[PDB]
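The data below hold one chain only, encoded as C-alpha cells and taken in the form deposited in one PDB entry.
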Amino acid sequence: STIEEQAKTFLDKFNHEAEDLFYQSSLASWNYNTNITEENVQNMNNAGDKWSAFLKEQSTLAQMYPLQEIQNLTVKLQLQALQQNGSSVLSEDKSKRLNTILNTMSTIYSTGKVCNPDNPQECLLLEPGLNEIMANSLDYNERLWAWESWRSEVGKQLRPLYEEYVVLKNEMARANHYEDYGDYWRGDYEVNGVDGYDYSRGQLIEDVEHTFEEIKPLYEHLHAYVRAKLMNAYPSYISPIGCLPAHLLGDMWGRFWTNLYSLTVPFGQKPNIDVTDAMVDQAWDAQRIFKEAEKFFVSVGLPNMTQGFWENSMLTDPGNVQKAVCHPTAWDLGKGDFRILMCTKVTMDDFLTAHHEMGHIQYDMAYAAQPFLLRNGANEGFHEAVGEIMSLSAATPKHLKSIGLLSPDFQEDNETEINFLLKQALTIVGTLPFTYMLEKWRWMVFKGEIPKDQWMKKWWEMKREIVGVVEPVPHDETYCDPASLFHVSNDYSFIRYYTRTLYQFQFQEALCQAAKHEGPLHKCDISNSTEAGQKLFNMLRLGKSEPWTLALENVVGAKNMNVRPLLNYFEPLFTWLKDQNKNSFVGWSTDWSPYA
C-alpha cells in the first residue's frame, strides 16, 4: 500500500474517533454553559482534556505520512490541518513558558481592576464597570480617567509579558518554517496546488492595503463629519484639523464608533425603526422569534431546523437558580446535533441576532456531510460574514412590513435612510481603519520592523496617521496599549474582522442581484428567492474542502476580496457626507494632541 492509501485509512480512523470524542467534549461544554455548577466545570475540563490529548496523539501520528507523497488534495488538506505542530514544535520548557505567559495575560485582562482616587475600595473591572463609562459617559474627565487608568495599571502589567510572548511565538513560527508569527497568521488565507485559485501569504498584505486605499475617501469624510459634530459638543477639546481624542470614541479603544450616534445623528427629529413595541403588542416570545427566523431561511430554499434543535437548544434564560452564560452562540456538536444558546428577550435586537445565529447553523448543516476536519468556513472570515447578511435582510423595512411587525403606513424617506446608513458606518466603516492599523502594528512587531524602545511611539504614530485618532495622555514604553484590547492580550488574530466585512457585502450584493432587487443595496431583502439561497448554498456546503478563492467565486463570481460592494452599500451616505463637509476640513493633522 502507498503512503496516500495509508493516509486515507488513518484519516478514516481519526474521523470516527473524532466525532464521538469531540461530541462528548461539546456536550460537556454545553451542560456547563447552560447550567453553571462546579461539577460541570470539572466534567467540561475532563472531556476537553481528553479531546486535547487525542488531538496531540493524532497530530504526531499524522506527521508519519509525508505530504510530499500525497497527490489527492482533499486528503492532503486534512493531513496538513492535523499535522500542524503549533506550540509543540518548541522545546517542552518553552511551550510551558508560552502557555504560562498566555494564561497570565488572559487573567490580567479579565481580572484587571481600577479603583477611583480617594476610595481604594470602589474599584471597577473592564466589564461592566469601565465599559459602561466608555459607552455612555459624556463627561470628558470621566472618560479620560477610564481610558488612562485601564492602560496605565493593566496595560503596564502586560508590557513585559507581551515582549516575551513576541519572542516565543516567533520561535514557534520560524521552527514551523514561517518568516514570523504574523506570517503564520496570514497562512489562514494561503492556497497552494490549485491552478487558478492559489493565494500566497504575502498577497494578503497587498490585497488588504489595496482595498484599504479605496476605503480612505469614505472614512475621511466619515471622520470629518464626526469630528465636526463632536467639536460642537466639545468646542474646547477638539481641533477642527486635528485627530479625534482616543477616549471620545464610544468604547474603550475606539474599535467601533457605534455609541457616537446620539451626538452625530444627522436628523435627530426622526425616530429609529424600533419594532420592539409591535413584538410585545402581539405577544411574541422567543420561540416565535426563532420560528420567524426559520421561515426566513426556508423561504430561500434552505432546510428547516432539525427536531433536535427545538428540543435541545436553550432559547430563553433558565432563570431561577440554574445559571448560564447568556452570550449568543450557535453550536455544532457533531453527529447532526445543532443547537443555539441564547437568553432571548422580546426585542428587535434579539430578533436580528436570532437570524444571525441561525445563519451559522445553516452554514453548519450545509457542510455536515464533509469530512470532520473540513467542517468549517472557507477561511476565518466566512462564517461571521454569513451571519451578518441575514440580519441585513431581516432589518429592512421591506422585511419587517412583510412579517406584520412594521406598519404598512410607514414609508422610507431619505432622512431616516441617512440616519440608518450613518449608524451602520459608525460601526462597520469606523472599525476598518482601527482593525487594519492594529494588525499591521502586530505584523511589523512580529516581522522585526519595530524596536522594543519604539513600540508605543510607533503605535500612536500609526494611530494618528492611519486611524486619525490621537492619545490624550503621552505614553512611554512602559505602556502596552495594544494589549489592553482582548484580542491582543488573548492571542487572537485580528485581520479576520477586516476581511469578513468586505466578504459580507460581496455576499449581500451577489445574493441581492440573484434576488433581482431593485434600488439601493441597503434596502435589499433576499426573502423568497430560491435563486439566492441556491447560490449561497453552493458555497456553504463546500465547508473547507475547497480553496476560499473558489468558495468566494461560487457566491459572487470573483476569486478575490473586493471592496466595491462595501462602497456600493454606503454610497448614499458617502454622497451626503461630501455635501455636509463642504465647509469643513477633511483629513487630519497628526501633530495636534489634547495635551499640547
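Just count from 1 along the sequence shown to find any residue number.
Just so it is clear, the following notes concern the form deposited with a partner chain bound, a form of the same protein that is not shown.
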item: Partner-facing stretch of 463-471, 152-160, 370-378, 240-248, counted where any non-hydrogen atom is within 4.5 angstroms of its partner chain in the deposited complex; value: 370-378
item: Its partner chain contact in the deposited complex: residue 197, any heavy atom under 4.5 Å; value: no
item: Residue contact check: residue 55 to its partner chain in the deposited complex, 4.5 Å heavy atom; value: yes
item: Distance check, residue 567 to its partner chain in the deposited complex, heavy atom within 4.5 Å; value: no
item: Contact label in the deposited complex: residue 81 to its partner chain, heavy atom within 4.5 Å; value: yes
item: Answer option from 296, 331, 498, 505, heavy atom within 4.5 Å of its partner chain in the deposited complex; value: 331
item: In the deposited complex, the one of 284, 212, 184, 441 near its partner chain [non-hydrogen atom within 4.5 angstroms]; value: 184
item: 4.5 Å heavy atom contact with its partner chain in the deposited complex for all of 216, 266 and 583; value: no
